[PDB]
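A.B. asks: Task: produce atomic coordinates for the following.
(2 chains)
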Amino acid sequence: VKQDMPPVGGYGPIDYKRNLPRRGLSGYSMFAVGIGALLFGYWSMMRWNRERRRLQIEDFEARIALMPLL
Amino acid sequence: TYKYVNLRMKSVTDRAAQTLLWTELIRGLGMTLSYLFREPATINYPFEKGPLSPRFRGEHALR
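C.D. replies: Residues are numbered from 1 along each chain as shown, chains lettered A, B, ... in the order given. The relevant structure is shown in the block below.
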């Protein structure tokens, strides 16, 4: 006879339990990365703001030199 | 026979870092982006038809 039957060795194991990976860095790592990015941005903004102040002083002194003719 | 669902400084710092930096939200977004890059299961109707069976119950006919 022929009928719907599982095979001679049966069917294989089937996973039925939860599997969460558990991934990412430790919280100290992202805190250190954020703090380092903050410090780098602070340093770059400091340098560029000082340069901008120097350029503004230069432009203002050019204006002061140009004033009497106007 | 039965099981208890929902009966469960480093750990506190990890929880605070997950709060501030959104670790599990990034995980869920990563799974969303994983489902973005797969092949969609939309069959091109009417040029394609869904699978059926020889026992399908459709239109009445007299043989």
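A.B. asks: check which helix or strand covers residue B:6.
C.D. replies: Taking DSSP states H and E as the definition, one finds residue B:6 inside no helix or strand.
A.B. asks: what's the burial count for it?
C.D. replies: A count of nearby residues for residue B:6, using other C-beta atoms under 10 Å in any protein chain shown, gives 4. Bear in mind the C-beta positions are built from the backbone N, C-alpha and C, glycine included.
A.B. asks: now do residue B:23
C.D. replies: Residue B:23 sits with 17 neighbouring residues when counted by other C-beta under 10 Å.
A.B. asks: ok, and does stretch A:10-30 reach over to chain B?
C.D. replies: Yes. Figure legend: stretch A:10-30 in contact with chain B (C-beta under 8 Å from any C-beta of the partner chain); contacting residues A:23, A:24, A:26, A:27, A:28, A:30.
A.B. asks: Filter these down to just the buried residues.
C.D. replies: The neighbour-count criterion (16 or more other C-beta atoms under 10 Å in any protein chain shown) marks A:24, A:27, A:30 among the residues of stretch A:10-30 next to chain B as buried.
A.B. asks: circling back to that earlier point, can you redo the residues of stretch A:10-30 next to chain B as a markdown table with secondary structure?
C.D. replies: Supplementary listing: those in a markdown table, determined by DSSP: H, G, I helix; E, B strand; the rest coil:
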| residue | secondary structure |
| --- | --- |
| A:23 | coil |
| A:24 | coil |
| A:26 | coil |
| A:27 | helix |
| A:28 | helix |
| A:30 | helix |
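A.B. asks: So which of these is the closest to residue B:58?
C.D. replies: Within the residues of stretch A:10-30 next to chain B, proximity to residue B:58 (C-beta to C-beta) peaks at residue A:23, which comes in at 49.6 Å.
A.B. asks: And that closest one, its phi and psi?
C.D. replies: phi -140, psi 160 (degrees, to the nearest 10).
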